[PDB]
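Novice: Experimental structure and its sequence below.
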Amino acid sequence: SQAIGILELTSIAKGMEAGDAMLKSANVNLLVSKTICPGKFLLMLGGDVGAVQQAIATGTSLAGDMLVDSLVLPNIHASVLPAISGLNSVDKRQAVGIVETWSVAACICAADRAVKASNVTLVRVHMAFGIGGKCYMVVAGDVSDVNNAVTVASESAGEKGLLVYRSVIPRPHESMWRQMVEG
Amino acid sequence: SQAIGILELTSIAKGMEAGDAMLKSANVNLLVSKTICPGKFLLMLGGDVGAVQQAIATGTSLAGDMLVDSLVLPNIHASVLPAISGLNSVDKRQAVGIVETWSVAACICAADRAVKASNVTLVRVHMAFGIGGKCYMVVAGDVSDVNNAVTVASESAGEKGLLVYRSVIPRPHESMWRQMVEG
Amino acid sequence: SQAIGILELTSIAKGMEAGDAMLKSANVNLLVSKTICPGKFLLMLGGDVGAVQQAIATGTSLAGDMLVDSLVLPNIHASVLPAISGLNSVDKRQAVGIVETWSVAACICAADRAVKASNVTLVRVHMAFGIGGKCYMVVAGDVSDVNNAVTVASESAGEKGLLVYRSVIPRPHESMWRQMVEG
């Protein structure tokens, strides 16, 4: 349905150049474009799989030896893309689930699976660092639905030994709600 | 008078879960709830000592092996708690004092002592990292009073070899004032 | 024309004290005053070279063994100073150039040379870390002028093996423009 493309670079200038080139190269939307660590840079793009593969090929080729890593995740539910670039709005607040993973790939796949197997809202997906760092997703919905989402996402990261922790919180305390849903 | 409770975790999901649980567990107010370093998480709570000990016991027990450290500081002047969660308002601007310490414990105890031995306003308490990192307090008041506060806070951190630096600045330059008092 | 003074310290309290003292010491303007890394602090000042040398001597002497490094860059074009403290406004948007360097010294000298050899606007100068970290400048102007600026700045950092990467982007994509010009 949509693809996600990721490109991580050692150079900020190279990253702006690559972001520019990738956007001109194909019909894709920028989801993420930011520096991280002591001078690294991360681009994430979405769009149809052909356009994303073409963007990330362009960018990988431009990156040369300043490339940390790049990846194309095909077949990602469309609702995941806005959870990566911002926050989705919460349509139902009974429970919150959070799944924390090693690597943004594990976290996107887990969220995709969560959204495909349940009816929760994927509220947001957050990366501590880069492609290889700690990442976590937050889901919101009725307690049964959140339980199911979290189970599937946990299983998904867990098969690969990349699950860090999972939690279902029915009725989140008012003092934690905003942080959970806005970051 | 109030207690401060601190809980530091290796997991963001676990931290949200623990924050939620601690708040439901006892009558305490969240002062701090934030990620730090490459994917760590810090909770700080305040309230009556019984409620804080009960919150932090709950959270410590939930944390398991994802716990970095937890602590309860009893008997902390109430004015310290808002300096931890935000900024106290400045009632008098003649001088600013700053004491920088190793560890937020050394810094809270030093600030408490400062406030108990002088009449300064504790404007804010700031942590670079977590529980074990660099922290500093800023006080404001008449120059004599600030001198006394800074002396006591310095002595307090210094007894333990945790004083990093101390400074009294009568009449702070206009170009540094806001940074001193707002961070 | 103007000088830039830089003072990097291991102590935040010492840094506030030194910033205060440097500003009282000479007719200089604070450009930068911020913490970085796990509890470091950076001051940058501008003004006439005499006043900047006097400020930084004062601050170096105050810093003692908490000094990481200090430097005075004489003869810097005035337009560089606002690019360090904020953003200069863009008067012409045909192309953007970006030069990324090792060390803020290499980056300021390169930008100065860029501005002295071309007619571009220096939009901003950015530091990832401190004095020794990754830094980059962004210039904007007609494509020929930007090509010339970037060439000169590249040569300048490159003579010393401190050039990381350089890029000219005629017609920057709308989705990258704001990040390029505002950071």
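Specialist: Perfect, thanks for sending it. Numbers count the residues shown, from 1 in each chain, chains lettered A, B, ... in the order given.

Novice: could you measure the one residue in chain A that gets nearest to chain C against residue C:139, distance?
Specialist: Residue of chain A nearest chain C, by CB to the nearest CB: residue A:39 (3.3 Å). Using the backbone N, CA and C atoms, a C-beta is placed for each residue, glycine as well. Distance, residue A:39 to residue C:139, by CB to CB, to the nearest Å: 19 Å.

Novice: Pull the contacting residues for residue A:3.
Specialist: Listed by CB atoms under 8 Å, 6 or more residues apart in numbering or on different chains, the contact partners of residue A:3 are A:46, A:47, A:48, A:49, A:51, A:52, A:53, A:72, A:73, A:74, A:75, A:76.

Novice: what kind of secondary structure is it in?
Specialist: strand (DSSP: H, G, I helix; E, B strand; the rest coil).

Novice: Residue A:172 against residue A:97, yeah?
Specialist: No - Residue A:172 is not in contact with residue A:97 according to CB atoms under 8 Å; the separation is 10.3 Å.

Novice: which one of those two has more residues nearby?
Specialist: residue A:97 (31 against 23; other CB atoms under 10 Å in any protein chain shown).

Novice: Got phi/psi on that one?
Specialist: Taking degrees, to the nearest 10, you get phi -120, psi 150 for the backbone angles of residue A:97.

Novice: Same check on the one 4 residues further on?
Specialist: With angles defined as degrees, to the nearest 10, residue A:101 sits at phi -130, psi 160.

Novice: Could you do residue A:137 as well?
Specialist: phi -120, psi 150.

Novice: quick one, what contacts the residue nearest to residue A:141 when sequence neighbours are not counted?
Specialist: Residue nearest to residue A:141 in three dimensions, not counting chain neighbours: residue A:120, with 3.6 Å by CB to CB, 6 or more residues apart in numbering or on different chains. Applying CB under 8 Å, 6+ apart to residue A:120 gives the contacts A:97, A:114, A:139, A:140, A:141, A:145, A:146, A:149.

Novice: Neighbours of the last one, how many?
Specialist: Using other CB under 10 Å, the number of residues around residue A:149 comes to 30.

Novice: picking up where we left off before, if any of the contacts of residue A:3 are buried, give me the ChimeraX selection for them.
Specialist: Remark: buried members of these, expressed as a ChimeraX selection using 16 or more other CB atoms under 10 Å in any protein chain shown:
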select /A:46,47,49,51,52,53,72,73,76
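
Novice: Give me the subset of the contacts of residue A:3 that lies in strands.
Specialist: Counting by DSSP state E, these place A:46, A:47, A:72, A:73, A:74, A:75, A:76 in strands.

Novice: who in chain A is up against chain C?
Specialist: Contacts of chain A with chain C, taken as CB under 8 Å from any CB of the partner chain, map to A:11-14, A:16-17, A:19-20, A:23-24, A:29-30, A:33, A:35, A:38-39, A:66.

Novice: Repeat the analysis, applying 7 Å as the threshold.
Specialist: Selection of chain A residues close to chain C by CB under 7 Å from any CB of the partner chain yields A:11-14, A:16-17, A:19-20, A:23-24, A:30, A:33, A:35, A:38-39, A:66.

Novice: Can you list which of the residues you listed are found in strands?
Specialist: A:30, A:33, A:35.

Novice: For these, pick the one with the most neighbours.
Specialist: The most neighbours of any of these, using other CB under 10 Å, belong to residue A:33, which has 22 neighbours.

Novice: follow-up on the earlier one: so residue A:39 and residue C:139 - more neighbours on which side?
Specialist: Ranked by neighbour count (other CB under 10 Å), residue A:39 and residue C:139 place residue C:139 first, with 29 against 19.

Novice: show me what contacts the more buried one?
Specialist: C:97, C:114, C:120, C:121, C:122, C:123, C:146, C:149, C:150 (CB atoms under 7 Å, 6 or more residues apart in numbering or on different chains).

Novice: before we move on, what about residue A:148?
Specialist: Here residue A:148 is in contact with A:117, A:118 (CB under 7 Å, 6+ apart).

Novice: Can you give me the neighbour number for the closest residue to residue A:17 other than its chain neighbours?
Specialist: Distance criterion CB to CB, 6+ apart; nearest residue to residue A:17, sequence neighbours excluded, is residue C:167 at 4.1 Å. Counted with other CB under 10 Å, the neighbours of residue C:167 add up to 23.

Novice: do the same with residue A:89
Specialist: Neighbour number of residue A:89 under other CB under 10 Å is 10.
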